[PDB]
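S.K.: Take this structure, written in structure tokens, and hold onto it; I'll ask about it next.
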Amino acid sequence: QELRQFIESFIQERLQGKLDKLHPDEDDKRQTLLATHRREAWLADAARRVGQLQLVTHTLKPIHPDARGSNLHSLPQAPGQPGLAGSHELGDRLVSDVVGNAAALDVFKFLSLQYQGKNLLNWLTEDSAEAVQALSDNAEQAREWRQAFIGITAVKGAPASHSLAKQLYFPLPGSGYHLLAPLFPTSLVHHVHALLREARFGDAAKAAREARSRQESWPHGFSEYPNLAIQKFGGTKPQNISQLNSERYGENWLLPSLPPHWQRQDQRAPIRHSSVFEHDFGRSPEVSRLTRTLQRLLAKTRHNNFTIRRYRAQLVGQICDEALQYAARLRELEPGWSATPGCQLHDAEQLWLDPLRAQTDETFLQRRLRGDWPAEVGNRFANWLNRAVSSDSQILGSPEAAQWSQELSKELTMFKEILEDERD
Amino acid sequence: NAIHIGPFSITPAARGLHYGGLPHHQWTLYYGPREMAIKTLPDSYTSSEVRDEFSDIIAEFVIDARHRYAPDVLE
Amino acid sequence: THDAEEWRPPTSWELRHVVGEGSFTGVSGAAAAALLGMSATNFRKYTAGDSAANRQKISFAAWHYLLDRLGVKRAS
Amino acid sequence: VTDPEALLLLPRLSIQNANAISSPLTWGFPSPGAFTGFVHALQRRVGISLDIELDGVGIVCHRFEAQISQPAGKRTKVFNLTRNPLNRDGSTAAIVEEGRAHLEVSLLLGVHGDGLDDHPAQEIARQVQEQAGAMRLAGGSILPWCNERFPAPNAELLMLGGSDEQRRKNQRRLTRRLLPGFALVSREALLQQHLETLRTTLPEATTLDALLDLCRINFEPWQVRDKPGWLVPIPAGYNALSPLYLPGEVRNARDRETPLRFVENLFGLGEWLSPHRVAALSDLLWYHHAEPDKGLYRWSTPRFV
Amino acid sequence: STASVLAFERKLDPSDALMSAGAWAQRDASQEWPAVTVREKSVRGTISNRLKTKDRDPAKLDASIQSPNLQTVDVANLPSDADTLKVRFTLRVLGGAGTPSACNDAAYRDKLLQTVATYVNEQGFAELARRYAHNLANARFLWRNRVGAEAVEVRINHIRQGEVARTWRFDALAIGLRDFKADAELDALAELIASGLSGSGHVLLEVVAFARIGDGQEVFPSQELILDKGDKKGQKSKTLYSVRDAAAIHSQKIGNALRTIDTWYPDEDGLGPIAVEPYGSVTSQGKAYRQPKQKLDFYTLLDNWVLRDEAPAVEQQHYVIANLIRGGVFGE
Amino acid sequence: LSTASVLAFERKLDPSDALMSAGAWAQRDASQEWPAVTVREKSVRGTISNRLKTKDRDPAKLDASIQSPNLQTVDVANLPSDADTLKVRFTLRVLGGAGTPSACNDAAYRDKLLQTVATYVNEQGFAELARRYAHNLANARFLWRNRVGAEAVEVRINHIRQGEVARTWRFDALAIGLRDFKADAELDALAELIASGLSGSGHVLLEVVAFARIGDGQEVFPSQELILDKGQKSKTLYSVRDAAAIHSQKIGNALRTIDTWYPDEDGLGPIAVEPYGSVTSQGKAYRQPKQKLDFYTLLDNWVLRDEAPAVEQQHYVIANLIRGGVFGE
DNA sequence: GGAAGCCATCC
DNA sequence: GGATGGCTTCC
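Residue numbers (this note's numbering), protein chains in the order written: chain U, 2 to 425; chain S, 6 to 80; chain R, 2 to 77; chain V, 2 to 306; chain F, 556 to 887; chain W, 367 to 695.
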């Protein structure tokens with residue numbers, strides 16, 4: 002009805018846009034002939050283009066542009082093992098991307114735009130009378146257009162792969178292998194690219210940003226993503242994957258998947274007296290963040306005392322593990338044990354928390370350090386940790402602070418036992 | 006052309022230069038007669054980009070001025 | 002000051018501390034003009050920049066009442 | 002599935018320009034499926050010549066050094082590339098983006114065969130060393146023996162050998178060797194309980210993985226929500242898209258003698274734990290197991306906690 | 556015919572060559588020499604490009620002069636006291652040259668297996684191994700640092716177990732960049748290479764080179780690949796390759812320096828030996844020698860050698876087996 | 367036959383970085399342990415001295431600007447308060463073999479280039495260019511601002527074949543002017559050494575030192591740096607392991623000032639040899655391309671259309687070849 | 001003839 | 001920058 006008239010108006014607008022690039026020599030007559038041919042047989046020209054195009058959710062060309070294989074439109078079932086990530090998690094909000102010729106992509110975009118407005122996007126298969134009455138196509142032209150649209154909506158592919166795919170093995174239980182060819186998902190990454198764009202950009206996002214600059218706290222959330230990596234698809238033109246790669250501009254943001262200490266910085270192990278005093282504190286970036294979190298978690302209440310006690314125990318265990326790991330990294334990172342000039346208490350701690358007695362150290366001092374493990378170094382470290390954690394009489398007067406002191410004592414005892422087992 | 010954000014002004018420096026092959030310009034952020042920051046920005050920048058280049062310094066100045074001149078509290 | 006003998010009218014740069022979208026209150030010139038019962042144009046007359054270039058000083062009463070209504074000075 | 006009886010440790014492996022991306026969503030450490038494939042290829046190459054089967058992999062990741070740069074105007078980060086040689090026309094090449102990185106990993110392997118019975122542990126350690134010194138891990142060749150000739154020798158350790166406290170003290174003497182590193186295990190149960198918490202809000206599935214690995218900054222009642230460990234995304238494995246295909250039914254295959262599948266990658270959650278927070282070392286071995294009834298292709302670490 | 560899938564893995568894997576500096580006549584004590592770091596500095600140049608010449612227009616030229624042009628670059632120099640550069644890398648040889656990693660059809664597989672069995676049974680690797688020992692004898696891997704030097708010295712060491720098997724030293728400037736002569740130590744090295752290429756096992760070497768350059772002069776490590784593609788401010792126009800805060804050369808650059816052996820490209824012979832590639836294309840001249848229009852590219856020579864059994868001469872045999880030992884991924 | 371698409375040239379005459387040290391006059395023969403001069407900081411009070419835009423010319427605005435001056439901190443370098451002599455030492459390296467490009471496309475093009483430069487070598491040696499280079503080393507042009515108003519400047523030049531001295535020189539760089547090129551036996555001997563180096567007939571490595579007598583505690587001038595933003599510091603200098611230094615390209619630019627053949631005039635003096643020979647100190651280009659005397663037109667008129675220009679213009683083109691750069695499209 | 005090759009034009 | 005072809009366009 003009105004959709005075919007809108008398609009004819011869009012064809013006339015495309016003819017006017019093709020007449021905007023007009024040549025003064027002979028562009029007028031060619032533009033008039035092209036507009037007449039378009040307004041005559043736009044559907045007859047578009048059926049042969051819609052026969053060429055296929056809708057797809059998994060694509061092989063992002064693996065390599067020179068390879069060609071089977072491209073599949075399929076939503077696999079949800080697996081039995083719970084707690085996973087796949088395409089099965091969403092079914093209602095999918096957006097399929099198509100591979101094909103560029104003028105065919107223009108014809109498919111025109112077919113999708115005619116699919117909007119009315120219910121034509123789902124009714125392109127089941128409609129004869131109103132569609133043929135609106136489009137100006139006849140009964141035979143409408144039947145041929147319905148056949149071409151049912152063909153373009155179909156896959157129409159042969160099962161084959163290429164030599165530049167991955168097609169890896171996976172062993173079977175107690176038996177042989179299968180070949181496993183992976184396909185690049187495109188609808189899933191279009192969805193999460195939309196979600197990541199909405200996270201990084203949006204009125205609510207910038208409003209929460211200026212909120213966290215002004216610390217005005219209206220009921221709202223604020224998300225943030227650190228250290229993404231950016232990948233580029235193909236050469237300069239991105240649409241050769243699909244039109245989804247045209248609207249994503251050939252860009253995919255990658256999530257960080259890193260080991261904890263991936264910035265190998267130099268160690269300030271050396272014998273500074275104030276350096277030894279600060280190393281007894283041990284102010285680091287992650288250690289400073291943990292100390293800030295522990296200081297912020299001091300003023301809590303006891304209504305969530307189960308979850309609060311669990312979070313406090315997890316934070317204390319993480320702090321103890323980070324301290325032990327930093328001590329081990331400082332020890333093994335040390336190439337040799339040097340006699341520190343004026344390392345005030347640094348020698349008393351580094352009798353055990355420092356490296357083995359090398360040629361720079363005395364053999365009698367090494368035997369004396371092997372005679373007595375650093376239990377007093379553990380006591381000084383527990384004292385520095387208890388001084389780092391802000392305490393008050395509310396914890397002394399309350400039973401929850403006594404339980405937190407008992408948990409800190411158990412953690413300090415475990416750390417002293419782990420130190421004394423390796424020590425000596 | 007200057008940009009005015011309240012009592013603050015952002016002016017360019019009247020003769021650019023080429024850094025890394027691209028033309029640039031120096032900008033200065035003023036608070037009355039007192040100059041606060043200087044950056045070097047390329048051309049093809051809209052005024053919104055020049056705004057949020059300095060927005061953070063503006064916000065920090067607001068935070069410090071709010072904390073310093075806070076009124077007294079009785080209890 | 003509250004004493005009329007020592008008061009002087011503010012300049013445009015001081016007046017931009019409270020009025021305008023860049024100011025710390027974050028109130029517009031139109032809303033501040035409606036807060037004083039004036040037109041937008043007569044209020045824009047105040048914030049031109051120099052009195053030679055068609056600019057008038059604000060009154061004592063309008064200045065103190067405007068500081069009252071914006072929640073800056075109590076002005077009893 | 003099975004409990005290994007002997008634990009063999011590869012001390013410190015120095016790898017250059019291994020694959021960094023290893024997934025269509027992440028770009029950090031390579032996949033544990035590469036480690037399962039490496040120990041399977043180590044079994045197929047030489048481990049059948051001494052009557053052992055090998056089950057699981059342990060990794061510790063001493064150091065990380067990737068060739069990544071920041072393009073001086075933004076908070077993201079861009080990859081370094083290499084120059085492919087010329088096309089025959091001499092114009093240029095098709096630019097494809099890859100990620101190189103340098104690693105430092107210790108490999109912990111379990112054993113089930115007649116370990117000390119057919120031959121002592123020293124000679125089988127030396128021969129599996131000389132076997133391992135000629136391969137690649139994830140596209141990255143092993144740099145050979147250099148002035149680190151001190152971590153050259155390995156040692157096999159019997160799992161249930163000795164008493165229980167003797168096994169405990171042998172475990173402690175072994176974890177006194179792997180000091181600067183972190184093991185990596187699956188933590189799907191944390192994802193289960195967290196998904197159960199946010200199911201009270203709404204029933205979304207991938208958001209549980211998405212929201213648990215960002216820095217959410219909470220509104221004041223200006224604070225941050227905390228997760229207690231080093232929660233890192235990981236590729237769980239594969240789910241198939243197509244049924245099983247015949248060894249000749251698909252064209253241009255690698256080998257025309259093995260059935261074929263078309264799969265999609267499955268993603269999960271991992272965690273970097275200290276070596277001194279675990280009780281038994283048999284909790285950190287990566288076994289590759291298959292479910293051919295569905296598309297389930299899984300590597301994991303069962304019997305962890 | 557040949558299969559749809561064909562792939563070879565790389566043999567002769569090198570390492571990233573790290574750089575360090577020190578003084579001459581102490582190179583035997585060069586186990587602790589300090590590294591060479593990368594710094595930054597600022598440069599200001601003028602316009603010296605060929606302009607469009609329809610915009611010469613002297614007023615606009617004087618206009619474009621008076622806006623200055625500033626960049627930030629990287630640099631790497633020796634210290635003011637040292638006068639010698641030390642480069643060190645390792646090299647692992649594998650053996651098992653013929654076998655591919657992938658083949659779609661087994662008939663081409665065992666046909667290739669038997670024809671390379673014939674080729675190894677006809678003659679040994681001694682030509683290729685002699686040329687490889689030449690390319691390690693002269694220091695081609697010191698790409699620009701070799702140019703204009705004063706005295707170059709190489710040290711090659713055989714490593715069987717954790718100790719040295721055997722040592723070698725040379726004077727790399729006496730061996731030219733031009734031809735391939737013979738030498739007893741070089742032929743012993745070629746014997747080691749031919750044994751290592753024979754599938755016998757992993758042969759391991761550590762190579763260390765030295766060069767008298769001067770005090771405080773500059774060295775040349777590798778560069779990086781950065782794409783601009785951005786509205787933002789200009790980045791630094793040069794960045795160097797560093798490994799753990801020390802200057803270094805890429806592995807593929809020295810690997811490309813090693814395989815410069817082919818003197819049988821049909822165009823001429825005065826331009827010198829080049830690297831071995833399928834339809835061998837240098838990047839320095841931007842031109843592909845051994846055009847596939849001629850029957851001297853690698854694919855047609857192989858398809859005549861194994862499929863149609865038309866065996867070319869020994870030079871093309873050396874060429875195709877060098878392209879086999881280079882590795883690659885073939886197919887349709 | 368046309369010009370190639372790409373064309374690259376390495377540079378001969380590679381210098382080092384020049385660092386400074388201080389000490390006393392008449393102890394300059396013991397100058398091997400003189401301590402380096404260092405870079406410190408100090409604070410300066412800026413004042414209003416620019417022109418005004420005719421809107422900022424109200425007297426109230428001017429006095430209000432006078433009332434609040436801005437503050438800055440700035441790097442500086444001085445001699446010690448007891449020493450009075452500045453020592454600058456660097457290392458020059460002459461390469462030779464200047465005809466060949468390092469990158470090319472058309473083989474006939476580079477063959478024509480090679481026979482052109484070979485014919486130039488056969489007609490005249492490098493004696494004019496080497497004479498002018500040894501002149502620029504004789505006077506201390508590389509002492510850029512430190513030469514200005516100096517009391518007396520002496521320079522030792524030293525030849526290094528193996529790790530020891532081959533032959534030395536010494537000069538009075540104030541006796542040699544800045545304007546003209548004279549003759550001297552030691553100077554032409556050094557020029558013959560440089561010409562032997564430039565022909566590829568043996569490699570030459572030199573180290574140069576220079577002593578300038580200035581005064582107690584006065585200011586010296588190292589090279590500068592680039593500041594993109596500040597919030598604080600406004601001027602920084604250049605240093606290598608805490609010693610004041612000059613950029614190497616500054617020394618190279620001070621070495622190539624030999625061009626006395628630009629068509630405009632002769633009262634200005636020699637300039638550096640550039641394509642479209644320009645000076646940033648004056649913002650003006652000599653050898654405009656409208657006149658037929660820039661480098662590119664002279665080059666492809668010598669090679670493609672085979673017009674050998676005048677002999678001193680051939681000196682200019684060969685000097686542009688020695689400096690090296692990026693040519694082509 | 002048929003293929004391949006190049007160029008071309010589309011998006 | 002991959003895809004499809006259309007008149008040329010060889011041999």
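Every residue, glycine too, gets a C-beta built ideally from N, C-alpha and C.
Could you tell me whether the stretch 254-261 of chain U touches the stretch 38-58 of chain V, using the rule of 3 or more Cβ pairs below 8 angstroms?
M.R.: No: the two stretches stay apart, fewer than three of their Cβ pairs being nearer than 8 angstroms.
S.K.: Would you give the residue range spanned by the alpha helix (DSSP H) that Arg174/V belongs to?
M.R.: Within the fourth sequence, numbered from 1, the residue matching residue 174/V stands at position 173. Note, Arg174/V: alpha helix (DSSP H), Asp165 to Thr176.
S.K.: Can you confirm whether the stretch 5-14 of chain V touches the stretch 106-116 of chain V when touching is taken to mean that 3 or more C-beta pairs between the two stretches lie within less than 8 angstroms?
M.R.: Yes: the two stretches touch, three or more of their Cβ pairs being nearer than 8 angstroms.
S.K.: In whole angstroms, what is the alpha-carbon distance linking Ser15/V and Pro152/V?
M.R.: Locating residue 15/V in the fourth sequence gives position 14, counting from the first residue. Locating residue 152/V in the fourth sequence gives position 151, counting from the first residue. Roughly 12 angstroms separates the two Cα atoms.
S.K.: For the structure I just gave you, are there three or more beta carbon pairs, one from the stretch 403-414 of chain W and one from the stretch 437-455 of chain W, closer than 8 angstroms?
M.R.: Yes, since at least three Cβ pairs between the stretch 403-414 of chain W and the stretch 437-455 of chain W fall closer than 8 angstroms, the two stretches touch.
S.K.: Can you pull the DSSP bridge partners for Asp538/W?
M.R.: Residue numbering aside, residue 538/W sits at position 172 when the sixth sequence is read from its first letter. Partner(s): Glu520/W.
S.K.: Is DSSP giving residue 513/F helix, strand or coil here?
M.R.: As displayed, chain F neither begins before 556 nor continues past 887, which places residue 513/F out of reach and without an answer.
S.K.: State the Cα-Cα distance for the pair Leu71/R and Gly30/R, rounded to the nearest angstrom.
M.R.: To locate residue 71/R, count along the third sequence from 1; it is residue 70. To locate residue 30/R, count along the third sequence from 1; it is residue 29. Cα to Cα, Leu71/R sits roughly 12 angstroms from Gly30/R.
S.K.: If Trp338/U sits next to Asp362/U, beta carbons under 8 angstroms apart, how far is it from one beta carbon to the other, in whole angstroms?
M.R.: Against the first sequence, residue 338/U aligns to sequence position 337. Against the first sequence, residue 362/U aligns to sequence position 361. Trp338/U to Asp362/U, Cβ: 5 angstroms. Contact.
S.K.: Closest to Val709/F by C-alpha separation, out of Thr838/F, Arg582/F and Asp864/F, would be which residue?
M.R.: Within the fifth sequence, residue 709/F is the residue found at index 154, counting from 1. Ranking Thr838/F, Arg582/F and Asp864/F by Cα distance to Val709/F puts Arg582/F first.
S.K.: Less than 9 angstroms between the C-beta atoms of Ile125/V and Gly116/V, yes or no?
M.R.: Against the fourth sequence, residue 125/V aligns to sequence position 124. Against the fourth sequence, residue 116/V aligns to sequence position 115. Yes, they are a contact pair.
S.K.: Return the first residue and the last residue of the alpha helix (DSSP H) that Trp385/U is part of.
M.R.: As a working mapping, residue 385/U is identified with position 384 in the first sequence. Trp385/U -> alpha helix (DSSP H) spans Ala376 to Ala389.
S.K.: Could you tell me whether the Cβ of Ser214/U comes closer than 9 angstroms to any Cβ of chain S?
M.R.: Here residue 214/U is taken as the residue at index 213 of the first sequence, counted from 1. At least one chain S Cβ lies under 9 angstroms of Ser214/U.
S.K.: Does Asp69/S get closer than 9 angstroms to chain U when you measure Cβ to Cβ?
M.R.: Here residue 69/S corresponds to residue number 64 of the second sequence, with the count starting at 1. Output row for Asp69/S: interface = no.
S.K.: Considering only their Cβ atoms, is the gap separating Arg643/F from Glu761/F smaller than 9 angstroms?
M.R.: As a position in the fifth sequence, residue 761/F is number 206, starting the count at 1. As a position in the fifth sequence, residue 643/F is number 88, starting the count at 1. Their beta carbons are under 9 angstroms apart, which means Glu761/F touches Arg643/F by this criterion.
S.K.: Listed in chain order, which residues of the stretch 566-583 of chain F have Cβ atoms closer than 8 angstroms to some Cβ of chain U?
M.R.: Here the close residues number zero.
S.K.: Mapping DSSP to helix, strand and coil, what is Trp391/W?
M.R.: For the purposes of this step, residue 391/W is identified with residue 25 of the sixth sequence, where counting begins at 1. Of the three classes helix, strand and coil, the one that applies to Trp391/W here is coil, per DSSP.
S.K.: Does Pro183/U come out as helix, strand or coil in the three-state DSSP assignment?
M.R.: Here residue 183/U is taken as the residue at index 182 of the first sequence, counted from 1. Looking at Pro183/U - three-state DSSP - the assignment turns out to be strand.
S.K.: When burial is assigned at 16 or more other CB atoms within 10 Å of the CB, is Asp632/W buried or exposed?
M.R.: By one-based count along the sixth sequence, residue 632/W stands at place 266. Exposed, by the Cβ-count rule.
S.K.: To which residues of the same chain is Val99/U closer than 8 angstroms at the C-beta, ignoring the five residues directly before and after it?
M.R.: Residue 99/U sits at position 98 when you count from the first residue of the first sequence. So the list reads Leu54, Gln55, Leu56, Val57, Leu106, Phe109, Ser243 and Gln244, once near-sequence residues are dropped.
S.K.: I'd like the list of long-range same chain contacts for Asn102/U, defined as Cβ closer than 8 angstroms, with 5 residues on each side in sequence excluded.
M.R.: For the purposes of this step, residue 102/U is identified with residue 101 of the first sequence, where counting begins at 1. Hits under 8 angstroms: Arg50, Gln53 and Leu54.
S.K.: Can you check whether the C-beta of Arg799/F is within less than 9 angstroms of a C-beta belonging to chain U?
M.R.: Position 244 of the fifth sequence, counted from the first residue, corresponds to residue 799/F. Yes, its Cβ sits closer than 9 angstroms to a Cβ of chain U.
S.K.: Near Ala94/V, what residues of its chain come up, given a Cβ to Cβ distance below 7 angstroms and the 5 sequence neighbours on each side ignored?
M.R.: Here residue 94/V is taken as the residue at index 93 of the fourth sequence, counted from 1. Within the same chain, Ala94/V has close Cβ partners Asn85 and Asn88.
S.K.: Can you list, in chain order, the residues of its chain with a C-beta nearer than 6 angstroms to that of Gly50/R? Leave out the 5 residues immediately preceding and following it.
M.R.: By one-based count along the third sequence, residue 50/R stands at place 49. Closer than 6 angstroms at the Cβ level, and outside the excluded window around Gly50/R, lie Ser13.
S.K.: Taking only the alpha-carbon atoms, compute the straight-line gap between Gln130/V and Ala182/U and give it to the nearest angstrom.
M.R.: Taking the fourth sequence and counting its residues from 1, the one referred to as residue 130/V is at position 129. Taking the first sequence and counting its residues from 1, the one referred to as residue 182/U is at position 181. About 32 angstroms.
S.K.: Quick check on the DSSP output: the beta strand (DSSP E) that includes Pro28/S runs from which residue to which?
M.R.: On the second sequence, position 23 is the one that residue 28/S refers to. Element bounds for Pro28/S: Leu27 to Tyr36.
S.K.: Alpha carbon to alpha carbon, how far is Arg330/U from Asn155/V? Give it in angstroms, no decimals.
M.R.: Your numbering for residue 155/V matches position 154 in the fourth sequence. Your numbering for residue 330/U matches position 329 in the first sequence. Roughly 22 angstroms between the two C-alpha positions.
S.K.: Return the Cβ separation of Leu851/F and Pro821/F in integer angstroms, given the expectation that the two are a contact with Cβ distance under 8 angstroms.
M.R.: Counting from one through the fifth sequence, the residue named residue 851/F turns up at place 296. Counting from one through the fifth sequence, the residue named residue 821/F turns up at place 266. So it is a contact: roughly 5 angstroms between Cβ atoms.
S.K.: Rounded C-beta distance between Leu594/W and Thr45/S? I'm assuming under 8 angstroms.
M.R.: Reading the sixth sequence from its first residue, position 228 is the one you call residue 594/W. Reading the second sequence from its first residue, position 40 is the one you call residue 45/S. Contact holds; Cβ gap of about 5 angstroms.
S.K.: Is the beta carbon of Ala801/F sitting closer than 9 angstroms to the one on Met574/F?
M.R.: Residue numbering aside, residue 801/F sits at position 246 when the fifth sequence is read from its first letter. Residue numbering aside, residue 574/F sits at position 19 when the fifth sequence is read from its first letter. A contact, by the Cβ cut-off of 9 angstroms.
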